[PDB]
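Data block below; observations after.
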Amino acid sequence: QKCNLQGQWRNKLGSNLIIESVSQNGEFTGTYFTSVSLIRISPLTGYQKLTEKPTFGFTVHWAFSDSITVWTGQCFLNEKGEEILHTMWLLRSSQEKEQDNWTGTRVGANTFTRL
Amino acid sequence: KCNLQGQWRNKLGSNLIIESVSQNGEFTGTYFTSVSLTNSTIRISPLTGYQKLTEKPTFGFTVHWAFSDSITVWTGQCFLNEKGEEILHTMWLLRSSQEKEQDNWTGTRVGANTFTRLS
Amino acid sequence: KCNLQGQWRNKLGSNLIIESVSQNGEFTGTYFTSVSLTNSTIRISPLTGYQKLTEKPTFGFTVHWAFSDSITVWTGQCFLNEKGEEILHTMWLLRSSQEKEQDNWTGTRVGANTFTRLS
Amino acid sequence: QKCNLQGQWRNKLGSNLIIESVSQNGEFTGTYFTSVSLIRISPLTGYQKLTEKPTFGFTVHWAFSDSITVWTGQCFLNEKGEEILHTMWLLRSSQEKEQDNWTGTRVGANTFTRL
Ligand SMILES: O=C(O)CCCC[C@@H]1SC[C@@H]2NC(=O)N[C@@H]21
Ligand SMILES: O=C(O)CCCC[C@@H]1SC[C@@H]2NC(=O)N[C@@H]21
């Protein structure tokens, strides 16, 4: 356990984060399955650092919606010795007009643990 | 619709280049920041993300800084302004690498930037 | 130092008025927003907050919207620009009232605004 | 238990939030005691809504520091029937120059429970 993000993860909302083999340069791909909404299987792409307790970020391209979410976070080993992802996210909604842009960005935080 | 391809700058003078956009909305490119937290030499850094292929597309991307242990993500939407020029309204989160879990709370900065074409 | 007292506007046309500043940094005033989530009639709403009484003061405040169940908080810093005019750089969180705990995650919007004096 | 914010609260960082009697118009005052830093007793001022499951916000004026934090959130009764504050916050640090403003705002989330 050294925070190679590869594998399946869940958050408290019940969403599933599936991350593939991390490339030599830290790039990864995967799949996001969400139970909440403002059933979707959506692709993601991002990067992780190659260090101990890596930082990372990724974008989910929500299927059948005009929204996008980005997450960024860092992986740590908790007190019980297990890997936890601490994240914060921005959820962008599509606005009809430029003047409505101020309303288009939600923010939040979630922790992921392994399935 | 927008064409996120090409070169953009923000008010800080940072340069965003989107190299290619695929039919699934995925894109790749580079980011050259005019500002940093670190005292290390800034270098061009890679990015990956997605856009919607719609009118006034939303998009998001991650920059994997080549010169620090940080990561930044942006998400935003492209509009045409009054003059009919393309503008990307974005907000971003900058993650710094913390030493221990107990310091996690200090690790995330937030901000906004608007990108335009090079004048 | 800045004098946060008086009238300010942001790029959306919203009007921030700071009525008074006490020696402990506490201030009160009102906010009139040019934009809202609701379709209800916008009305002037009260605010309370604090500034540092330093050069280039940081500050924060909360607006208790009079016409909705939302709350917004801003925090920022005052600088002098190139022309020697006062500017407040802020970021804000807008909390909307959610029906149930399970919807909490949808409840917080974020953004940035800069405020200047009335021209 | 109907989310009158009055009383003592703690978050997972071990900070203490002390909120006084809420006024007729929803305004409140109080005191914030933090264990983390970038011992402080600091004043706060803010407002709560007068509704069920009230939203709220407040500013803490950190003693002996040039920083400010604002929180905004909503109070709910959890599954065990107890009051929880779900919050997000912006922490502003004082920058030396206008050009450094981009680096001055941290963001986060915390949940408070009663002491
Ligand atoms: O110093 C680091 O650790 C990485 C560089 C951070 C650059 C930040 S990220 C958000 C903001 N927008 C930019 O044009 N650059 C900065
Ligand atoms: O509609 C509501 O529920 C309350 C009005 C929200 C106004 C928002 S808060 C942040 C942003 N800055 C402004 O000048 N007004 C909007």
Side-chain angles (χ1 to χ4, degrees), chain A residues 49 55 57 72 99-105, chain B residues 8-16 31-45 47 61-74 76 88 90-98 107-115, chain C residues 8-16 31-45 47 61-74 76 88 90-98 107-115, chain D residues 49 55 57 72 99-105:
Chain A
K49 248 62 202 181
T55 53
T72 187
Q99 76 181 100
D100 290 345
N101 184 67
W102 69 273
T103 198
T105 309
Chain B
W8 303 85
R9 57 166 283 125
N10 66 22
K11 310 179 99 177
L12 300 155
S14 302
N15 178 43
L16 162 67
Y31 198 99
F32 185 91
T33 186
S34 283
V35 298
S36 61
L37 300 167
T38 191
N39 274 356
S40 300
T41 304
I42 293 154
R43 281 193 194 70
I44 300 175
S45 299
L47 67 92
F61 60 90
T62 305
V63 174
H64 181 17
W65 300 110
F67 55 89
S68 79
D69 298 329
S70 301
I71 291 288
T72 305
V73 293
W74 283 254
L88 313 180
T90 75
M91 301 198 77
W92 50 262
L93 293 170
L94 162 58
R95 177 73 203 203
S96 45
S97 175
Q98 301 309 309
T108 309
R109 283 175 174 86
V110 64
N113 276 103
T114 291
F115 292 83
Chain C
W8 303 85
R9 57 166 283 125
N10 66 22
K11 310 179 99 177
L12 300 155
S14 302
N15 178 43
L16 162 67
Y31 198 99
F32 185 91
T33 186
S34 283
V35 298
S36 61
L37 300 167
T38 191
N39 274 356
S40 300
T41 304
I42 293 154
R43 281 193 194 70
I44 300 175
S45 299
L47 67 92
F61 60 90
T62 305
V63 174
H64 181 17
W65 300 110
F67 55 89
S68 79
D69 298 329
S70 301
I71 291 288
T72 305
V73 293
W74 283 254
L88 313 180
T90 75
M91 301 198 77
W92 50 262
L93 293 170
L94 162 58
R95 177 73 203 203
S96 45
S97 175
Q98 301 309 309
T108 309
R109 283 175 174 86
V110 64
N113 276 103
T114 291
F115 292 83
Chain D
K49 248 62 202 181
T55 53
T72 187
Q99 76 181 100
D100 290 345
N101 184 67
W102 69 273
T103 198
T105 309

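Read the numbers this way: they start at 1 and go in the same order the structure lists the ligands and their atoms. Sequence lines set the chain letters: A, B, ... in the order given, protein chains first and strands last, and positions in each chain run from 1.
For C:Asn113 against C:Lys11, the heavy-atom pair with the smallest separation is ND2-N, 4.5 Å. Nearest heavy-atom pair across C:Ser97 and D:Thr55 is CA-CG2, 3.7 Å.
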Identify all N/O pairs between ligand 1 and the protein with a separation under 3.5 Å and present them as a table of atom names and distances.
residue: ligand 1; atom: 1 (O); partner: B:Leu37; partner atom: N; Å: 2.7
residue: ligand 1; atom: 1 (O); partner: B:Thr38; partner atom: N; Å: 3.2
residue: ligand 1; atom: 3 (O); partner: B:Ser68; partner atom: OG; Å: 3.0
residue: ligand 1; atom: 3 (O); partner: B:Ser70; partner atom: OG; Å: 2.8
residue: ligand 1; atom: 14 (O); partner: B:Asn10; partner atom: ND2; Å: 3.2
residue: ligand 1; atom: 14 (O); partner: B:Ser14; partner atom: OG; Å: 2.7
residue: ligand 1; atom: 14 (O); partner: B:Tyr31; partner atom: OH; Å: 2.7
residue: ligand 1; atom: 15 (N); partner: B:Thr33; partner atom: OG1; Å: 2.8

Return a table of donor-acceptor pairs under 3.5 angstrom between the side chains of residues 65-72 of chain C and protein atoms on other chains or two or more places apart.
residue: C:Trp65; atom: NE1; partner: C:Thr72; partner atom: OG1; Å: 2.9
residue: C:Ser68; atom: OG; partner: C:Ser70; partner atom: N; Å: 3.2

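C:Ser45 contributes a side-chain N or O that, together with a main-chain N or O of C:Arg43, makes up a donor-acceptor pair within less than 3.5 Å.
Among residues two or more places apart in sequence or in another chain, the side chain to side chain donor-acceptor pair (under 3.5 Å) test is passed with C:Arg109 by A:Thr103. A search for ring-ring contact (aromatic ring centres under 6.0 Å, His included) contacts involving C:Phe32 returns nothing, not counting sequence neighbours.
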